[PDB]
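See structure below.
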């Protein structure tokens, strides 16, 4: 049903929260499709999740640009490498089964939770004090 429950530990700017929450929602969708052993849906939700992650990444990066965030370069590269990783994981789904989907999911969760708490948290105060919401 639910793999990841939203908590204050994942909180950031309000606008950013809407995107992180949506990513958590995709994770849970993908979990339910795996639980249902529905591989077509699993592949479809994984595609949507990946596409949405890329747009969320792009949104952060635009905030880094507009606001001249000093660590814009490293954070962007972190995003880029993870897109690469997601694209690699995706290839396994064509021939994979629900257990493959689960293993992928744990990977996605582990990265996302860490990234939000460790990397995304670094930009929060900087953007807050410049009036970003």
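Hey, among the residues in the range 90-116 that are without any contact (Cβ under 8 Å) to a residue 24 or more places away in the chain and not in a loop (DSSP other than H, G, I, E, B), which one's farthest from residue 37 (Cα to Cα)?
Selected residue: 114.
Can you tell me which residue within the range 61-76, out of those that are within 17 Å of residue 114 (Cα to Cα) and touching a helix residue (DSSP H, G or I) at 6+ places or on another chain (Cβ under 7 Å), is surrounded by the most Cβ atoms within 10 Å (Cβ to Cβ)?
For the range 61-76, the residue satisfying everything is 75.
Counting only residues that are in contact (Cβ under 8 Å) with a residue 60 or more places away in the chain and crowded, with 16+ Cβ neighbours inside 10 Å, which one in the range 28-38 is nearest to the chain's Cα centre (by Cα)?
30
Find the residue count for the range 1-15, including only residues that are touching a residue at least 12 places away in the same chain (Cβ under 8 Å) and in contact with a helix residue (DSSP H, G or I) (Cβ under 7 Å, 6 or more places away or on another chain).
Here the count works out to 9.
Among what's in the range 1-17 and is over 13 Å from the mean Cα position of the chain (by Cα) and in a helix (DSSP H, G or I), pick the residue that is surrounded by the most Cβ atoms within 10 Å (Cβ to Cβ).
Result: 15.
I'm told residue 93 meets every condition in (1) touching a helix residue (DSSP H, G or I) at 6+ places or on another chain (Cβ under 7 Å); (2) under 19 Å from residue 11 (Cα atoms) except one. Can you identify the failing condition by its number?
(2)
Can residue 43 be described as loosely packed, with under 14 Cβ neighbours inside 10 Å, part of a helix (DSSP H, G or I) and over 12 Å from the mean Cα position of the chain (by Cα)?
The answer is no for residue 43.
Under 14 Å from residue 108 (Cβ atoms) and outside any loop (DSSP other than H, G, I, E, B): does that describe residue 64?
So residue 64 fails the test.
Out of all the residues in the range 18-27, is one or more without any contact (Cβ under 8 Å) to a residue 40 or more places away in the chain, in a helix (DSSP H, G or I) and loosely packed, with under 14 Cβ neighbours inside 10 Å?
Within the range 18-27, one or more residues are without any contact (Cβ under 8 Å) to a residue 40 or more places away in the chain, in a helix (DSSP H, G or I) and loosely packed, with under 14 Cβ neighbours inside 10 Å.
Looking at residue 79 and the list (1) closer than 18 Å to residue 123 by Cα; (2) in contact with a helix residue (DSSP H, G or I) (Cβ under 6 Å, 6 or more places away or on another chain); (3) part of a helix (DSSP H, G or I); (4) in contact (Cβ under 8 Å) with a residue 24 or more places away in the chain, which single condition is not satisfied?
(4)
Please specify each residue of the range 39-53 satisfying the condition of being in contact (Cβ under 8 Å) with a residue 24 or more places away in the chain and farther than 14 Å from residue 92 by Cα.
Scanning the range 39-53 gives 49, 50, 52, 53.
Quick reminder, even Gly has a Cβ in these numbers, built from the backbone with ideal geometry, and neighbours come from all protein chains shown. No value in this document is a laboratory result; all are computed from the given coordinates.
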